[PDB]
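This report refers to the structure that appears directly beneath it.
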Amino acid sequence: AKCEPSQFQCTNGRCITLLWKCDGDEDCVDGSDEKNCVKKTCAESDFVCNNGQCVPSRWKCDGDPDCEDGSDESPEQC
Amino acid sequence: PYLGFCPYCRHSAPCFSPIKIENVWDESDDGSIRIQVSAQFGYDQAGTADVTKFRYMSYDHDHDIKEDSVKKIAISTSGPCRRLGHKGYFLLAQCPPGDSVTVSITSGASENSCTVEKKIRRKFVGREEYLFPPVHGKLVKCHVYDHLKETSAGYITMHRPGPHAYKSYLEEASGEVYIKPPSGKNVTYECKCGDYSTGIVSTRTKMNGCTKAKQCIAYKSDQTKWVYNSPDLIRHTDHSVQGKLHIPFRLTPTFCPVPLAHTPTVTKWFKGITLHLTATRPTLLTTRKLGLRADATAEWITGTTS
Amino acid sequence: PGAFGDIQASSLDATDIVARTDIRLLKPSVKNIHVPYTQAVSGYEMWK
Amino acid sequence: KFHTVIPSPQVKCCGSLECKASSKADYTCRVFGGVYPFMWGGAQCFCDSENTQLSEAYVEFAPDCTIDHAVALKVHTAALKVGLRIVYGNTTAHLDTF
Ligand SMILES: [Ca+2]
Ligand SMILES: [Ca+2]
């Protein structure tokens, strides 16, 4: 049904946000965000932060956050 | 020093930005605004009061208190703002009007920010609007946020922080959750692992009675330093107030210059006067009859008129 | 709620504060912890 | 200007929570179930379903109220005081009188 998350019912009967399905959080007792989504985990040519967002590692010392994780500001490298 | 969820961040989605504008005030007669946030300014990680640097909750799996120089804090609305002072959970800056106020750590690639959709207007004191206080003008009573950070406006309190579970603290090898505390951390765990269970562990530990992380939460005894009463953290099971902190920048009575538009050229006629008026900015002309009736009149005059 | 006298007390430093504001708290209708609530615009400022 | 204060929420992730009263101005706390709240670190409750959550709200005077406040006053039976300067002959005097 349509409900407060506007999106898919997990098999326990709770309504869940499909915007949460790919987020790596099981938001429900059953079925619970386990179903597939594309997260390529690119070659190390691209850095990948912590959330897995592939970004070109050449920007890991640019002075501009490449991902919301902000891991490209890592002091060890920059 | 804590974490907080704000409506808007450097990235247009809402985020758990370490800096989170918890409150704003604007009763200044100079356009300065008091801002309360989730980070502390003018203090070291240890809590010493080195004014050159500010601290906040580390935005990572292992939460500690990190530090940076206040020079990287930018406050903005429609444009950047002159910071008048900073102390603890609060900042004072003069900003042009705008529908929103934004606090941003401009640490290059560690750029993160918090914005509140709170309006600010170029208010003024006296009876004649001004873009900037002139000098050929009367000094009038007004109130402004005293730039001396040692002045206290009042106080708002804080409590011992409540739990803050970290998904990174648990691992599900063997099909039963393992608590994997960071090195040397006196992690405290609780879980309805088939049944209600709790304990403290300073090292890797194997739980029993449950097979998914959904039931297990793990955190640490970080009560060692208090956290503001704001909503972004759940309260400790005992949230009784832990002392108080003085809100900096006392609103203080002072004096402010205001313009005096060119003296109105009065014209006299039978039982009536014509005021010739010339004002560049809104001028509150007000008059009253000294009779039994007051005949109260007030009009925001603008431009040349009569 | 929403008119002058929104919040009142005998002294500004007093804890003896009485108020009516039509404050109502909604369900935490989001995954991120929150305490969504609404209320009448500060009646004092509305008056101003 | 009333400064709304919403204190940090309280959660008993697997049991009941009392909606007890308090003296604060317009203290209007209510309890809600199924909260399963996530903090920055992730999930923040013992149970998948029976997580009751207590939300709290009350108000106090904003810090700037020390100056921005207003006081309402009933007023009655106003008495006119006056300052008099009296001059008579070679003598002058000044006086004040209700
Ligand atoms: Ca999810
Ligand atoms: Ca970068």
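Along the chain as shown, the residues are counted starting at 1.
Recorded method for this deposit: electron microscopy, 4.0 Å.
Placement of Cβ uses the backbone N, Cα and C atoms for every residue, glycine included.
What Swiss-Prot says about this protein:
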type	residues	note
DISULFID	A:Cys3-A:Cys15	disulfide bond
DISULFID	A:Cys10-A:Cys28	disulfide bond
DISULFID	A:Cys22-A:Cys37	disulfide bond
DISULFID	A:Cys42-A:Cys54	disulfide bond
DISULFID	A:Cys49-A:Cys67	disulfide bond
DISULFID	A:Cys61-A:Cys78	disulfide bond
DOMAIN	A:1-39	domain 'LDL-receptor class A 1'
- Cβ under 8 Å from chain B, restricted to the disulfide-bonded residues A:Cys22, A:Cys37, A:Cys42, A:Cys54, A:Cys67, picks out none
- Query: Looking at the disulfide-bonded residues A:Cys3, A:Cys42, A:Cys49, A:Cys54, A:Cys67, which have a C-beta within less than 6 Å of some atom in ligand 1?
  - Reply: none
- Task: Could you check the disulfide-bonded residues A:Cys10, A:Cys22, A:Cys67 and say which one's CB has the fewest neighbouring CB atoms inside 10 Å?
- Result: A:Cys22
- A:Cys15 (disulfide bond) -> DSSP, reduced to three states, gives strand
- What residue among the disulfide-bonded residues A:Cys15, A:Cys28, A:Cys49, A:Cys54, A:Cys78 has the most other CB atoms lying within 10 A of its CB? A:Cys28
- Taking each of the disulfide-bonded residues A:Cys3, A:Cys37, A:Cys42 in turn and counting other Cβ atoms within 10 Å of its Cβ, which one has the fewest? A:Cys37
- Message: My understanding is the cutoff is Cβ-Cβ under 8 Å with a sequence separation of 6 or more in the same chain; which residues meet that for A:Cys61 (disulfide bond)?
- Response: A:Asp72, A:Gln77, A:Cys78
- Item | Which disulfide-bonded residues sit within 10 Å of A:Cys15 (disulfide bond) - Cα, from A:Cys28, A:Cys37, A:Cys42, A:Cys54 | A:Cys28
- Query: Which numbers of helix, strand and coil residues does DSSP report for the domain 'LDL-receptor class A 1' (A:1-39)?
  - Reply: 3 helix, 2 strand, 34 coil
